[PDB]
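Structure, as structure tokens:
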Number of protein chains: 2
Amino acid sequence: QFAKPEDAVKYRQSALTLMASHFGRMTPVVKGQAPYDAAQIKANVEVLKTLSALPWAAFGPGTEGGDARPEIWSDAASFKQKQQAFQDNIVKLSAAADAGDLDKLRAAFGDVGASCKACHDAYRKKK
Amino acid sequence: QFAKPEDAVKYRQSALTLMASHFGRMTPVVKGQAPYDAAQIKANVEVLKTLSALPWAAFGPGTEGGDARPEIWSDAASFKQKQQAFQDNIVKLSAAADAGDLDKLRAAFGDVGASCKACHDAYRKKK
Ligand code: HEC
Ligand code: HEC
């Protein structure tokens with residue numbers, strides 16, 4: 001869907017920006033600093049689930065650019081493992097949110113965050 | 001979920017960027033220049049549906065900025081009518097996509113596009 005590589009870059013950066021907001025806005029809830037409304041969080045994690053599937057298709061071959069490391073394309077199977085693992089961590093968060101289980105939510109949230117960081121450590125250039 | 005107005009601006013611009021991609025990538029399909037796979041389009045319009053609900057919450061009061069016109073906030077009921085109407089046009093597109101009906105899809109796509117433009121004409125500053 002991208003006329004030039006720059007369009008892919010813009011897409012993925014936007015997708016990741018939205019993910020970051022949908023993930024990060026729950027931080028006060030998991031910390032107890034904001035109240036836990038099970039329905040609010042269920043709906044939000046549904047949005048996060050949708051969004052968390054989107055960036056990967058915008059790292060198609062030849063879409064080098066932005067702060068993407070070239071290892072994304074050298075190493076296809078390893079990058080795919082990291083995104084698929086990340087999406088599976090999102091599944092655990094969805095399960096927690098759907099159950100209305102705050103303890104499972106906290107645990108899953110931590111694991112998701114670790115997965116974001118593991119990918120960045122391997123595949124995102126320093127700012 | 002926004003620490004400063006700039007964060008709201010960044011969010012909505014990203015949401016609208018993703019909408020534009022999910023909408024616009026169907027143009028060749030509705031024109032017949034690319035093949036119509038009913039399942040592909042159904043899935044894509046589901047993503048568009050999710051995305052099309054997101055920008056509006058990021059025009060909360062005091063989040064002036066970007067290319068948003070101030071009339072968004074003077075005139076709340078009129079802006080809300082335009083976004084809700086737009087989302088209802090997305091419902092028609094969803095119905096068409098879910099039915100696998102290409103003629104309804106074409107018609108709905110046109111109406112959606114007109115709705116994007118009607119909002120821009122009233123509420124988005126010139127580049
Ligand atoms: C690889 C499997 C990743 C996972 C999982 C997550 N992120 Fe990431 N992120 C990744 C890359 C390769 C990049 C660079 C993209 C580019 O082309 O520049 C990013 C970037 C971000 C950004 C910055 C986006 C921008 O505005 O330019 C953000 C805010 C971000 N990532 C957040 C984020 C969060 C919160 C994640 C888990 C919920 C997450 N990322 C996972 C690669 C990967
Ligand atoms: C009002 C009810 C709108 C509807 C419906 C649509 N758009 Fe829009 N758009 C609107 C505003 C007020 C702005 C400015 C946002 C800001 O703070 O700057 C925009 C902007 C866009 C953009 C640019 C985003 C960016 O990268 O800065 C795009 C690509 C865009 N809009 C596309 C778009 C499409 C394709 C729409 C229908 C499917 C659509 N918009 C509807 C207001 C409104």
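Keep in mind that the numbers below use all heavy atoms, side chains included, and drop hydrogens, waters and symmetry copies. In each ligand, atom 1 is the first atom listed, and ligand 1 is the first ligand listed. Letters A, B, ... are given to chains in the order of the sequence lines, protein chains preceding strands, and every chain is numbered from 1.
Using a 4.0 Å cut-off to heavy atoms of A:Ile72, the atoms of ligand 1 that qualify are 12 (C). Annotation for ligand 1: atoms under 4.0 Å from non-hydrogen atoms of A:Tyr123 are 12 (C). Within ligand 1, the atoms closer than 4.0 Å to a non-hydrogen atom of A:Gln83 are 2 (C), numbered from 1 in the order shown. Taking every heavy atom of A:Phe86 and a limit of under 4.0 angstrom, the matching atoms of ligand 1 come to 5 (C), 37 (C), 38 (C). Near A:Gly65, meaning under 4.0 Å from one of its heavy atoms, ligand 1 places the atoms 17 (O). Interface of A:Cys119 with ligand 1, defined as ligand atoms under 4.0 Å from a residue heavy atom, comprises 1 (C), 2 (C), 3 (C), 4 (C), 5 (C), 42 (C), 43 (C). Near A:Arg12, with a cut-off below 4.0 Å to any heavy atom, the atoms of ligand 1 are 16 (C), 17 (O).
Checked for salt-bridge contact, B:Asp121 and B:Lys117 meet the test: a charged N lies under 4.0 Å from a carboxylate O. In summary, A:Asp111 and A:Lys92 engage in a salt bridge, as defined by a charged side-chain N under 4.0 Å from a carboxylate O. Between A:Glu6 and A:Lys4 there is no salt bridge, since no side-chain N of the basic residue sits under 4.0 Å from a carboxylate O of the acidic one.
Ligand 2 has no nitrogen or oxygen under 3.5 angstrom from a nitrogen or oxygen of A:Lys10. Annotation: A:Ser115 places no N or O atom under 3.5 Å from an N or O atom of ligand 1; distance criterion only.
Of the protein's non-hydrogen atoms, B:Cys116 SG, 3.7 Å is the one closest to atom 34 (C) of ligand 2. When hydrogens are left out, the protein atom nearest atom 16 (C) of ligand 2 is B:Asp67 N, 3.5 Å; that is the closest non-hydrogen contact. B:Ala20 CB, 3.7 Å is the protein heavy atom nearest to atom 29 (C) of ligand 2.
Among the atoms of A:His120, an N, O or S atom falls under 2.8 Å of atom 8 (Fe) of ligand 1.
Put simply, B:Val9 and B:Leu54 are part of two different groups of oily side chains (I, L, V, M, F, W, Y) that touch within less than 4.5 Å, one to the next.
If you take OG on A:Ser94 and NZ on A:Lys42, they are separated by 10.5 Å, rounding to the nearest 0.5 Å. Rounded to the nearest 0.5 angstrom, A:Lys49 NZ and A:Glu46 CD are separated by 8.0 Å. Taken from CG in A:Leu105 to CG in A:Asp101, the straight-line distance is 8.0 Å, to the nearest 0.5 Å. With rounding to the nearest 0.5 Å, the separation of CD1 in A:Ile90 from CZ in A:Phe23 is 7.0 Å. Put simply, CZ on A:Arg25 and OH on B:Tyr11 are 5.0 Å apart, with the number rounded to the nearest 0.5 Å.
Nearest-residue assignment for atom 22 (C) of ligand 1 (options A:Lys117, A:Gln13, A:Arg124; heavy-atom criterion): A:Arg124. In this structure, of A:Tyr11, A:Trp56, A:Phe59, A:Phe109, the residue bringing a heavy atom nearest to atom 11 (C) of ligand 1 is A:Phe59. Selection from A:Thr17, A:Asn89, A:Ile90 by nearest heavy atom to atom 26 (O) of ligand 1 gives A:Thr17.
Looking at B:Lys125 against ligand 2, nothing comes within 4.0 Å, counting heavy atoms.
Inter-residue side-chain proximity for A:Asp37 and A:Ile41 is flagged as unmet; no heavy-atom pair is nearer than 4.5 Å.
In this structure, B:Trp56 and B:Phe79 have perpendicular ring planes: the angle between them is above 60°, well past the 30° mark.
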